[PDB]
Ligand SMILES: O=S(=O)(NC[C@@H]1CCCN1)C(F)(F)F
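Given next, in structure tokens, is a single chain: the form solved without the ligand.
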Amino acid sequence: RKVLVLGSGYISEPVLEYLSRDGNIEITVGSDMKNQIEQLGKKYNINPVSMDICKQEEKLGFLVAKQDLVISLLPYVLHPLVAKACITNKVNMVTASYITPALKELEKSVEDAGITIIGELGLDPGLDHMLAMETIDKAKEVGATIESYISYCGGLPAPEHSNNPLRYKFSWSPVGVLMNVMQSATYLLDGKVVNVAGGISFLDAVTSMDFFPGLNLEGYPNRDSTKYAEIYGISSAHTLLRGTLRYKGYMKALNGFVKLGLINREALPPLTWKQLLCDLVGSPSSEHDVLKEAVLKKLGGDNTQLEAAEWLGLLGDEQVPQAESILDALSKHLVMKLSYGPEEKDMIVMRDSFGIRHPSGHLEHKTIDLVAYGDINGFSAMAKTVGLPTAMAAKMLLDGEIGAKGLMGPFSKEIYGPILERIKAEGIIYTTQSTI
């Protein structure tokens, strides 16, 4: 019963805690920050291993060969290296990340090696899949058909911590999501494939999410959504739309960063934000602060967007963080200024809406609400919902509860059934309501 956890990010702690409970699981932890592992070693009995998986992919193979299960909590690019070691060594594996084309290229040997690899555990993906599949299957067991599926999700700060220009606090580097604002989105509505362009015009797709009168939510569609007809088996539905939730004004706040060229991949030019932004407003590069400001508003001139820039210090003398790109730096800056404090609460909000046509002809509207709040004295809501389902599927693999073999997501009741039940004991509870 030996388990190797790759990566020691804060998503790892609620996993260690969950698997440590019975004491019959030998936990090894490996990563490239010896500090992260030292702190974790104080709270849980774990064999620590310092390793750069990218560079020492052979020491990784030797380590992998010794385990009964590998849980990859590494940045998802590295998952293929880990799956390779697991495939040659016949060791089961789980991840909390999208099964990429790269990792899917390996699907056959995974079935030839006779191992099980369960990916797309976690929050999004993960619990979203499991909630959808649960009710999509429940409809089919009664001869019903899915006509519409609208799902929205978002990890946010608890509302009392929402008073900043972005109405947001970042659980990790936003390098990935920020760039996604420049993307087009695609979804299905009333039988027609709908496409919305990203960039400056993406703010037009943003909409008010009025599920809860007490909460000020805006939503906007994800990149694709249309893929879920095949993924979930709902080819008959006329609308499929998955989206993200924020507090109102966040996207407008980002719309500014796009206008200023901050969501940009180029490299960085004693550098300060006013200098860096001077270079970005064409004027550069050592002019009076008020002159720099007159030009920022020119790309506008919306004061709310200017107010957000000043509040963060992007027009000030503060030093730009070292990074290989403007975005990389901006992300590292937003982290220094809007990370969660040790006594601040985050939030998870998830609302699904299914249109279920029954063979009798009745149209049922089913909604599922899942809201969780962080525990200051325990784990965050994001850490609970990302790390628990991963940790739960791992124990199920150990305890021998998943017979399916190969490379798979968490779509079969064999997987989502037990996880959805045992997360209740952990405070992740959802609620349902139907009407006809």
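All residue numbers refer to positions in the sequence shown, first residue = 1.
Not on display, but discussed next: the form deposited with the ligand bound.
Scanning 275, 164, 148, 222 against the ligand in the deposited bound form with a 4.5 Å heavy atom cut-off leaves one residue, 222. Of the residues given (124, 293, 279, 364), 124 alone sits with a heavy atom within 4.5 Å of the ligand in the deposited bound form. Judged by heavy atoms within 4.5 Å of the ligand in the deposited bound form, the contact stretch among the candidates 198-206, 116-124, 354-362, 299-307 is 116-124. Contact check at 4.5 Å (heavy atoms) against the ligand in the deposited bound form: none of 92, 232 and 416 pass.
A residue is said to contact a partner when one of its heavy atoms sits within 4.5 Å of a partner heavy atom; residue 256 fails this definition for the ligand in the deposited bound form, lying far away.
Put simply, residue 244 is close to the ligand in the deposited bound form: some heavy atom of it is within 4.5 Å.
Residue contact with the ligand in the deposited bound form: residue 382 places a heavy atom within 4.5 Å of it. Using a 4.5 angstroms limit between non-hydrogen atoms, residue 267 is distant from the ligand in the deposited bound form.
Counting a residue when any of its non-hydrogen atoms is within 4.5 Å of the ligand in the deposited bound form, the hits in 170-190 run 172, 177.
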